[PDB]
file target09.pdb (PDB, C-alpha atoms)
MODEL        1
ATOM      1  CA  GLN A   5     -16.727  -1.456 -32.467  1.00  0.00           C
ATOM      2  CA  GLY A   6     -13.900  -0.430 -30.092  1.00  0.00           C
ATOM      3  CA  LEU A   7     -10.125  -0.852 -30.071  1.00  0.00           C
ATOM      4  CA  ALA A   8      -8.167  -3.928 -28.759  1.00  0.00           C
ATOM      5  CA  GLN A   9      -4.617  -3.128 -27.475  1.00  0.00           C
ATOM      6  CA  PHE A  10      -2.048  -5.835 -26.796  1.00  0.00           C
ATOM      7  CA  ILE A  11       0.842  -5.519 -24.329  1.00  0.00           C
ATOM      8  CA  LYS A  12       3.395  -8.104 -23.228  1.00  0.00           C
ATOM      9  CA  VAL A  13       4.377  -8.264 -19.544  1.00  0.00           C
ATOM     10  CA  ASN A  14       7.962  -9.505 -19.499  1.00  0.00           C
ATOM     11  CA  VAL A  15       9.310 -10.475 -16.083  1.00  0.00           C
ATOM     12  CA  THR A  16      12.983 -11.119 -15.419  1.00  0.00           C
ATOM     13  CA  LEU A  17      14.949 -11.420 -12.182  1.00  0.00           C
ATOM     14  CA  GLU A  18      17.620  -8.825 -11.331  1.00  0.00           C
ATOM     15  CA  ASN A  19      19.458  -9.246  -8.018  1.00  0.00           C
ATOM     16  CA  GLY A  20      17.027 -12.090  -7.191  1.00  0.00           C
ATOM     17  CA  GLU A  21      13.891  -9.917  -7.549  1.00  0.00           C
ATOM     18  CA  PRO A  22      11.319  -9.396 -10.305  1.00  0.00           C
ATOM     19  CA  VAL A  23      11.580  -6.690 -12.912  1.00  0.00           C
ATOM     20  CA  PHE A  24       8.564  -5.961 -15.109  1.00  0.00           C
ATOM     21  CA  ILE A  25       9.154  -4.733 -18.657  1.00  0.00           C
ATOM     22  CA  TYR A  26       6.170  -3.950 -20.891  1.00  0.00           C
ATOM     23  CA  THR A  27       6.442  -4.235 -24.627  1.00  0.00           C
ATOM     24  CA  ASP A  28       3.998  -3.084 -27.285  1.00  0.00           C
ATOM     25  CA  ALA A  29       2.907  -4.795 -30.437  1.00  0.00           C
ATOM     26  CA  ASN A  30       5.934  -3.301 -32.269  1.00  0.00           C
ATOM     27  CA  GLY A  31       8.245  -5.011 -29.729  1.00  0.00           C
ATOM     28  CA  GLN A  32       9.044  -1.688 -28.158  1.00  0.00           C
ATOM     29  CA  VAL A  33       9.641  -1.193 -24.511  1.00  0.00           C
ATOM     30  CA  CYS A  34       6.865   1.044 -23.277  1.00  0.00           C
ATOM     31  CA  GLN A  35       6.627   2.627 -19.870  1.00  0.00           C
ATOM     32  CA  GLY A  36       3.129   1.119 -19.252  1.00  0.00           C
ATOM     33  CA  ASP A  37       0.745   4.117 -18.954  1.00  0.00           C
ATOM     34  CA  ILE A  38      -2.074   4.006 -21.608  1.00  0.00           C
ATOM     35  CA  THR A  39      -4.518   6.618 -22.946  1.00  0.00           C
ATOM     36  CA  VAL A  40      -7.910   5.191 -23.865  1.00  0.00           C
ATOM     37  CA  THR A  41      -9.836   7.310 -26.385  1.00  0.00           C
ATOM     38  CA  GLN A  42     -12.854   4.995 -27.004  1.00  0.00           C
ATOM     39  CA  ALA A  43     -14.432   1.830 -25.520  1.00  0.00           C
ATOM     40  CA  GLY A  44     -12.140  -1.121 -25.908  1.00  0.00           C
ATOM     41  CA  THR A  45     -10.008  -3.814 -24.299  1.00  0.00           C
ATOM     42  CA  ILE A  46      -6.438  -4.056 -23.132  1.00  0.00           C
ATOM     43  CA  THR A  47      -4.863  -7.504 -23.268  1.00  0.00           C
ATOM     44  CA  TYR A  48      -1.790  -8.338 -21.178  1.00  0.00           C
ATOM     45  CA  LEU A  49       0.229 -11.487 -21.966  1.00  0.00           C
ATOM     46  CA  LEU A  50       2.657 -12.803 -19.366  1.00  0.00           C
ATOM     47  CA  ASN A  51       6.179 -13.702 -20.457  1.00  0.00           C
ATOM     48  CA  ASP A  52       7.717 -15.007 -17.272  1.00  0.00           C
ATOM     49  CA  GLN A  53      11.451 -15.468 -17.552  1.00  0.00           C
ATOM     50  CA  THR A  54      12.072 -15.661 -13.808  1.00  0.00           C
ATOM     51  CA  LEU A  55      11.820 -19.414 -13.292  1.00  0.00           C
ATOM     52  CA  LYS A  56       9.609 -18.574 -10.275  1.00  0.00           C
ATOM     53  CA  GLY A  57       6.351 -19.930 -11.820  1.00  0.00           C
ATOM     54  CA  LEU A  58       4.551 -16.567 -12.016  1.00  0.00           C
ATOM     55  CA  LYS A  59       0.859 -16.507 -12.883  1.00  0.00           C
ATOM     56  CA  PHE A  60      -1.509 -13.554 -12.962  1.00  0.00           C
ATOM     57  CA  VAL A  61      -4.077 -13.634 -10.134  1.00  0.00           C
ATOM     58  CA  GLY A  62      -5.697 -10.269 -10.927  1.00  0.00           C
ATOM     59  CA  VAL A  63      -5.211  -6.563 -11.322  1.00  0.00           C
ATOM     60  CA  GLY A  64      -5.058  -4.376  -8.208  1.00  0.00           C
ATOM     61  CA  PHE A  65      -6.380  -0.896  -7.778  1.00  0.00           C
ATOM     62  CA  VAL A  66      -5.978   1.558  -4.877  1.00  0.00           C
ATOM     63  CA  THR A  67      -9.175   3.305  -6.152  1.00  0.00           C
ATOM     64  CA  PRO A  68     -11.197   0.294  -7.406  1.00  0.00           C
ATOM     65  CA  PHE A  69     -14.521   2.130  -7.502  1.00  0.00           C
ATOM     66  CA  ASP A  70     -13.478   4.988  -9.712  1.00  0.00           C
ATOM     67  CA  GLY A  71     -15.106   3.451 -12.837  1.00  0.00           C
ATOM     68  CA  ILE A  72     -12.104   3.963 -15.155  1.00  0.00           C
ATOM     69  CA  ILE A  73     -11.751   0.179 -15.743  1.00  0.00           C
ATOM     70  CA  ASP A  74     -15.072  -1.638 -15.869  1.00  0.00           C
ATOM     71  CA  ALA A  75     -13.894  -5.232 -15.452  1.00  0.00           C
ATOM     72  CA  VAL A  76     -10.896  -7.594 -15.345  1.00  0.00           C
ATOM     73  CA  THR A  77     -10.924 -11.091 -16.909  1.00  0.00           C
ATOM     74  CA  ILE A  78      -8.196 -13.733 -16.455  1.00  0.00           C
ATOM     75  CA  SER A  79      -7.351 -16.902 -18.329  1.00  0.00           C
ATOM     76  CA  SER A  80      -7.397 -20.276 -16.525  1.00  0.00           C
ATOM     77  CA  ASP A  81      -3.617 -20.676 -16.860  1.00  0.00           C
ATOM     78  CA  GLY A  82      -2.896 -17.186 -15.460  1.00  0.00           C
ATOM     79  CA  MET A  83      -0.994 -16.184 -18.656  1.00  0.00           C
ATOM     80  CA  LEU A  84      -3.450 -13.488 -19.708  1.00  0.00           C
ATOM     81  CA  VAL A  85      -5.402 -10.742 -18.128  1.00  0.00           C
ATOM     82  CA  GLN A  86      -7.774  -8.454 -20.050  1.00  0.00           C
ATOM     83  CA  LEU A  87      -9.255  -5.105 -19.021  1.00  0.00           C
ATOM     84  CA  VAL A  88     -12.603  -3.864 -20.243  1.00  0.00           C
ATOM     85  CA  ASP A  89     -12.730  -0.059 -20.493  1.00  0.00           C
ATOM     86  CA  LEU A  90     -15.980   1.406 -21.849  1.00  0.00           C
ATOM     87  CA  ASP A  91     -14.419   4.862 -21.609  1.00  0.00           C
ATOM     88  CA  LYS A  92     -17.513   6.656 -20.335  1.00  0.00           C
ATOM     89  CA  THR A  93     -16.023   8.054 -17.059  1.00  0.00           C
ATOM     90  CA  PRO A  94     -13.133  10.380 -17.903  1.00  0.00           C
ATOM     91  CA  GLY A  95     -10.165  10.424 -15.552  1.00  0.00           C
ATOM     92  CA  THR A  96      -7.143   8.427 -14.502  1.00  0.00           C
ATOM     93  CA  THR A  97      -6.517   5.251 -12.548  1.00  0.00           C
ATOM     94  CA  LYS A  98      -3.383   3.437 -11.490  1.00  0.00           C
ATOM     95  CA  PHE A  99      -3.133  -0.315 -11.227  1.00  0.00           C
ATOM     96  CA  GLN A 100      -0.656  -3.041 -10.404  1.00  0.00           C
ATOM     97  CA  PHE A 101      -0.575  -6.619 -11.631  1.00  0.00           C
ATOM     98  CA  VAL A 102      -0.906  -9.184  -8.830  1.00  0.00           C
ATOM     99  CA  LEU A 103       0.801 -12.539  -9.439  1.00  0.00           C
ATOM    100  CA  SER A 104       1.264 -15.851  -7.593  1.00  0.00           C
ATOM    101  CA  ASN A 105       4.618 -17.638  -7.668  1.00  0.00           C
ATOM    102  CA  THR A 106       5.698 -21.271  -7.103  1.00  0.00           C
ATOM    103  CA  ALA A 107       8.703 -20.416  -4.882  1.00  0.00           C
ATOM    104  CA  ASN A 108       6.726 -19.148  -1.929  1.00  0.00           C
ATOM    105  CA  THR A 109       3.177 -18.160  -0.749  1.00  0.00           C
ATOM    106  CA  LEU A 110       3.613 -14.394  -1.072  1.00  0.00           C
ATOM    107  CA  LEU A 111       1.853 -12.569  -3.915  1.00  0.00           C
ATOM    108  CA  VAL A 112       3.960 -10.552  -6.285  1.00  0.00           C
ATOM    109  CA  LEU A 113       3.029  -6.942  -7.115  1.00  0.00           C
ATOM    110  CA  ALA A 114       4.259  -5.112 -10.161  1.00  0.00           C
ATOM    111  CA  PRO A 115       5.154  -1.398  -9.756  1.00  0.00           C
ATOM    112  CA  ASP A 116       2.678   1.250 -11.059  1.00  0.00           C
ATOM    113  CA  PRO A 117       1.065   2.089 -14.452  1.00  0.00           C
ATOM    114  CA  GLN A 118      -1.833   4.387 -15.341  1.00  0.00           C
ATOM    115  CA  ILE A 119      -4.934   4.262 -17.520  1.00  0.00           C
ATOM    116  CA  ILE A 120      -6.179   7.637 -18.756  1.00  0.00           C
ATOM    117  CA  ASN A 121      -9.740   7.724 -20.120  1.00  0.00           C
ATOM    118  CA  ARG A 122     -10.690  10.375 -22.676  1.00  0.00           C
ATOM    119  CA  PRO A 123     -14.362   9.849 -23.753  1.00  0.00           C
TER     120      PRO A 123
ENDMDL
END
call {"tool": "encode", "arguments": {"input": "target09.pdb", "output": "C-alpha cells"}}
result
Amino acid sequence: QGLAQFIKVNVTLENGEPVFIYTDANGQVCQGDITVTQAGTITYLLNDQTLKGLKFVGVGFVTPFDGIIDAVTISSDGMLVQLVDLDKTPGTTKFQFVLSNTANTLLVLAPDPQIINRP
C-alpha cells in the first residue's frame, strides 16, 4: 500500500484575474510543492470561486518525460485531477494545472508547484 494525499485548489479572482490557493487536509494554506517518499497518489479538488466556469483539463509539465509523475487522471466533470507517482525515479518536477473556462476560449494556467520524489 502507498499514501493518498488530498489538496484543494481554491481559485478566486483578484483584479479580474485568477488566483490559485492550495489548502491541505487540515485547511491550511500550503505553498503547493510536495515531497513524495513512497508510491502513492495526489488528489486535487477544484473549488472554483471565480464565476468563470473553471474545469480542469489536465496537468502540464515542461519536462513531461522525466518520469517523476507516472500518470494523470481527470474526472468527467473536471472537478478532480489525480496524479499517480510510483516514486521509483528520484528527482524533481514542476507542473501547472491547465483549466478551461466558460468566459472565453483561452486555457487557464496556474503558476508553478513542484513534486520531489525520494524513493
call {"tool": "residues_around", "arguments": {"input": "target09.pdb", "residues": "residue A:118", "least_positions_apart": "5", "cutoff": "7 Å", "atoms": "only C-alpha atoms", "output": "PyMOL selection string"}}
result
chain A and resi 37-38+96-99
call {"tool": "resolve_selection", "arguments": {"input": "target09.pdb", "expression": "the PyMOL selection byres ((chain A and resi 81-85) around 6)", "output": "list in words"}}
result
residues 48, 49, 50, 59, 60, 77, 78, 79, 80 and 86 of chain A
call {"tool": "write_last_selection", "arguments": {"input": "target09.pdb", "atoms": "C-alpha atoms", "output": "PDB file, keeping the file's coordinate frame"}}
result
ATOM      1  CA  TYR A  48      -1.790  -8.338 -21.178  1.00  0.00           C
ATOM      2  CA  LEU A  49       0.229 -11.487 -21.966  1.00  0.00           C
ATOM      3  CA  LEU A  50       2.657 -12.803 -19.366  1.00  0.00           C
ATOM      4  CA  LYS A  59       0.859 -16.507 -12.883  1.00  0.00           C
ATOM      5  CA  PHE A  60      -1.509 -13.554 -12.962  1.00  0.00           C
ATOM      6  CA  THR A  77     -10.924 -11.091 -16.909  1.00  0.00           C
ATOM      7  CA  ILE A  78      -8.196 -13.733 -16.455  1.00  0.00           C
ATOM      8  CA  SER A  79      -7.351 -16.902 -18.329  1.00  0.00           C
ATOM      9  CA  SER A  80      -7.397 -20.276 -16.525  1.00  0.00           C
ATOM     10  CA  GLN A  86      -7.774  -8.454 -20.050  1.00  0.00           C
TER      11      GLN A  86
END
call {"tool": "closest_residue", "arguments": {"input": "target09.pdb", "among": "A:90, A:34, A:110, A:76", "to": "residue A:13", "atoms": "all atoms listed in the file"}}
result
A:34
call {"tool": "closest_residue", "arguments": {"input": "target09.pdb", "among": "A:93, A:9, A:19, A:27", "to": "residue A:46", "atoms": "all atoms listed in the file"}}
result
A:9
call {"tool": "atom_distance", "arguments": {"input": "target09.pdb", "atom1": "atom CA of residue A:91", "atom2": "atom CA of residue A:73"}}
result
8.0 Å
call {"tool": "closest_residue", "arguments": {"input": "target09.pdb", "among": "A:108, A:14, A:8, A:101", "to": "residue A:41", "atoms": "only C-alpha atoms"}}
result
A:8
call {"tool": "atom_distance", "arguments": {"input": "target09.pdb", "atom1": "atom CA of residue A:29", "atom2": "atom CA of residue A:88"}}
result
18.6 Å
call {"tool": "resolve_selection", "arguments": {"input": "target09.pdb", "expression": "the PyMOL selection byres ((chain A and resi 113) around 6)", "output": "number ranges by chain"}}
result
A: 101-102, 112, 114
call {"tool": "closest_residue", "arguments": {"input": "target09.pdb", "among": "A:68, A:31, A:62, A:123", "to": "residue A:92", "atoms": "only C-alpha atoms"}}
result
A:123
call {"tool": "resolve_selection", "arguments": {"input": "target09.pdb", "expression": "the PyMOL selection byres ((chain A and resi 16) around 9)", "output": "count of residues only"}}
result
14
call {"tool": "residues_around", "arguments": {"input": "target09.pdb", "residues": "residue A:109", "least_positions_apart": "3", "cutoff": "12 Å", "atoms": "all atoms listed in the file", "output": "mmCIF file with C-alpha atoms, in the coordinates of the input"}}
result
data_model
loop_
_atom_site.group_PDB
_atom_site.id
_atom_site.type_symbol
_atom_site.label_atom_id
_atom_site.label_comp_id
_atom_site.auth_asym_id
_atom_site.auth_seq_id
_atom_site.Cartn_x
_atom_site.Cartn_y
_atom_site.Cartn_z
ATOM 1 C CA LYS A 56 9.609 -18.574 -10.275
ATOM 2 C CA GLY A 57 6.351 -19.930 -11.820
ATOM 3 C CA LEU A 58 4.551 -16.567 -12.016
ATOM 4 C CA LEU A 103 0.801 -12.539 -9.439
ATOM 5 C CA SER A 104 1.264 -15.851 -7.593
ATOM 6 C CA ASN A 105 4.618 -17.638 -7.668
ATOM 7 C CA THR A 106 5.698 -21.271 -7.103
ATOM 8 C CA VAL A 112 3.960 -10.552 -6.285
#
call {"tool": "residues_around", "arguments": {"input": "target09.pdb", "residues": "residue A:5", "least_positions_apart": "2", "cutoff": "10 Å", "atoms": "all atoms listed in the file", "output": "compact mmCIF listing (two decimals) with C-alpha atoms, in the coordinates of the input"}}
result
# COMPACT_ATOMS: atom_id res chain seq x y z
CA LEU A 7 -10.12 -0.85 -30.07
CA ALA A 8 -8.17 -3.93 -28.76
CA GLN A 42 -12.85 5.00 -27.00
CA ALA A 43 -14.43 1.83 -25.52
CA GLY A 44 -12.14 -1.12 -25.91
call {"tool": "closest_residue", "arguments": {"input": "target09.pdb", "among": "A:100, A:121, A:30, A:47", "to": "residue A:66", "atoms": "only C-alpha atoms"}}
result
A:100
call {"tool": "atom_distance", "arguments": {"input": "target09.pdb", "atom1": "atom CA of residue A:120", "atom2": "atom CA of residue A:72"}}
result
7.8 Å
call {"tool": "axis_aligned_box", "arguments": {"input": "target09.pdb", "around": "stretch 81-94 of chain A", "padding_each_side": "4 Å", "output": "lines of an AutoDock Vina configuration file"}}
result
center_x = -9.3
center_y = -5.1
center_z = -18.7
size_x = 24.5
size_y = 39.1
size_z = 14.4
call {"tool": "closest_residue", "arguments": {"input": "target09.pdb", "among": "A:36, A:69, A:61, A:6", "to": "residue A:89", "atoms": "all atoms listed in the file"}}
result
A:6
call {"tool": "decode", "arguments": {"input": "target09.pdb", "residues": "stretch 52-77 of chain A", "atoms": "N, CA and C atoms", "output": "PDB file, in the first residue's frame"}}
result
ATOM      1  N   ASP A  52     -13.734  26.328  -7.378  1.00  0.00           N
ATOM      2  CA  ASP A  52     -13.746  27.484  -8.225  1.00  0.00           C
ATOM      3  C   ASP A  52     -14.696  28.520  -7.671  1.00  0.00           C
ATOM      4  N   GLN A  53     -14.147  29.622  -7.243  1.00  0.00           N
ATOM      5  CA  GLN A  53     -14.971  30.717  -6.714  1.00  0.00           C
ATOM      6  C   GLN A  53     -14.880  31.931  -7.620  1.00  0.00           C
ATOM      7  N   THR A  54     -14.543  31.714  -8.887  1.00  0.00           N
ATOM      8  CA  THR A  54     -14.336  32.827  -9.811  1.00  0.00           C
ATOM      9  C   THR A  54     -15.564  33.250 -10.575  1.00  0.00           C
ATOM     10  N   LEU A  55     -16.581  32.391 -10.599  1.00  0.00           N
ATOM     11  CA  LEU A  55     -17.718  32.537 -11.509  1.00  0.00           C
ATOM     12  C   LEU A  55     -17.362  32.461 -12.987  1.00  0.00           C
ATOM     13  N   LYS A  56     -16.190  31.926 -13.310  1.00  0.00           N
ATOM     14  CA  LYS A  56     -15.741  31.853 -14.721  1.00  0.00           C
ATOM     15  C   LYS A  56     -15.813  30.404 -15.242  1.00  0.00           C
ATOM     16  N   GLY A  57     -16.521  29.529 -14.544  1.00  0.00           N
ATOM     17  CA  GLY A  57     -16.788  28.157 -15.016  1.00  0.00           C
ATOM     18  C   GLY A  57     -15.529  27.320 -15.253  1.00  0.00           C
ATOM     19  N   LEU A  58     -14.559  27.423 -14.348  1.00  0.00           N
ATOM     20  CA  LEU A  58     -13.300  26.692 -14.490  1.00  0.00           C
ATOM     21  C   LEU A  58     -13.514  25.190 -14.357  1.00  0.00           C
ATOM     22  N   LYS A  59     -12.809  24.437 -15.192  1.00  0.00           N
ATOM     23  CA  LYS A  59     -12.751  22.990 -15.107  1.00  0.00           C
ATOM     24  C   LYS A  59     -11.314  22.564 -15.382  1.00  0.00           C
ATOM     25  N   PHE A  60     -10.817  21.577 -14.649  1.00  0.00           N
ATOM     26  CA  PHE A  60      -9.514  21.028 -15.023  1.00  0.00           C
ATOM     27  C   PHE A  60      -9.597  20.341 -16.398  1.00  0.00           C
ATOM     28  N   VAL A  61      -8.570  20.563 -17.222  1.00  0.00           N
ATOM     29  CA  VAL A  61      -8.387  19.874 -18.486  1.00  0.00           C
ATOM     30  C   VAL A  61      -7.173  18.931 -18.446  1.00  0.00           C
ATOM     31  N   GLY A  62      -6.245  19.172 -17.525  1.00  0.00           N
ATOM     32  CA  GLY A  62      -5.082  18.323 -17.370  1.00  0.00           C
ATOM     33  C   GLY A  62      -4.049  18.968 -16.508  1.00  0.00           C
ATOM     34  N   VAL A  63      -2.875  18.353 -16.439  1.00  0.00           N
ATOM     35  CA  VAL A  63      -1.758  18.871 -15.703  1.00  0.00           C
ATOM     36  C   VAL A  63      -0.551  18.962 -16.660  1.00  0.00           C
ATOM     37  N   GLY A  64       0.028  20.149 -16.743  1.00  0.00           N
ATOM     38  CA  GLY A  64       1.067  20.468 -17.695  1.00  0.00           C
ATOM     39  C   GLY A  64       2.431  20.413 -17.134  1.00  0.00           C
ATOM     40  N   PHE A  65       3.364  19.850 -17.910  1.00  0.00           N
ATOM     41  CA  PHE A  65       4.732  19.706 -17.500  1.00  0.00           C
ATOM     42  C   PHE A  65       5.664  20.263 -18.583  1.00  0.00           C
ATOM     43  N   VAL A  66       6.669  21.043 -18.181  1.00  0.00           N
ATOM     44  CA  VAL A  66       7.710  21.459 -19.129  1.00  0.00           C
ATOM     45  C   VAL A  66       8.674  20.291 -19.465  1.00  0.00           C
ATOM     46  N   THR A  67       8.859  19.368 -18.527  1.00  0.00           N
ATOM     47  CA  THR A  67       9.663  18.159 -18.684  1.00  0.00           C
ATOM     48  C   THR A  67       8.806  16.891 -18.469  1.00  0.00           C
ATOM     49  N   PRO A  68       7.895  16.632 -19.413  1.00  0.00           N
ATOM     50  CA  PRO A  68       6.880  15.584 -19.275  1.00  0.00           C
ATOM     51  C   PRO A  68       7.448  14.173 -19.329  1.00  0.00           C
ATOM     52  N   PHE A  69       8.695  14.005 -19.783  1.00  0.00           N
ATOM     53  CA  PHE A  69       9.236  12.666 -19.881  1.00  0.00           C
ATOM     54  C   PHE A  69      10.236  12.346 -18.805  1.00  0.00           C
ATOM     55  N   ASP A  70      10.205  13.092 -17.710  1.00  0.00           N
ATOM     56  CA  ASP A  70      11.194  12.900 -16.678  1.00  0.00           C
ATOM     57  C   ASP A  70      10.870  11.756 -15.706  1.00  0.00           C
ATOM     58  N   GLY A  71       9.696  11.163 -15.849  1.00  0.00           N
ATOM     59  CA  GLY A  71       9.266  10.010 -15.033  1.00  0.00           C
ATOM     60  C   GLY A  71       8.942  10.253 -13.562  1.00  0.00           C
ATOM     61  N   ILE A  72       8.874  11.505 -13.126  1.00  0.00           N
ATOM     62  CA  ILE A  72       8.592  11.802 -11.719  1.00  0.00           C
ATOM     63  C   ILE A  72       7.100  11.484 -11.421  1.00  0.00           C
ATOM     64  N   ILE A  73       6.210  11.969 -12.281  1.00  0.00           N
ATOM     65  CA  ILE A  73       4.787  11.598 -12.235  1.00  0.00           C
ATOM     66  C   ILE A  73       4.526  10.589 -13.325  1.00  0.00           C
ATOM     67  N   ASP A  74       3.936   9.445 -12.966  1.00  0.00           N
ATOM     68  CA  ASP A  74       3.670   8.403 -13.934  1.00  0.00           C
ATOM     69  C   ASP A  74       2.465   8.640 -14.831  1.00  0.00           C
ATOM     70  N   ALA A  75       1.419   9.243 -14.274  1.00  0.00           N
ATOM     71  CA  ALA A  75       0.139   9.380 -14.959  1.00  0.00           C
ATOM     72  C   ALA A  75      -0.728  10.457 -14.291  1.00  0.00           C
ATOM     73  N   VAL A  76      -1.638  11.000 -15.078  1.00  0.00           N
ATOM     74  CA  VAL A  76      -2.653  11.968 -14.648  1.00  0.00           C
ATOM     75  C   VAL A  76      -4.019  11.410 -14.977  1.00  0.00           C
ATOM     76  N   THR A  77      -4.956  11.414 -14.037  1.00  0.00           N
ATOM     77  CA  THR A  77      -6.357  11.034 -14.366  1.00  0.00           C
ATOM     78  C   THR A  77      -7.251  12.255 -14.014  1.00  0.00           C
TER      79      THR A  77
END
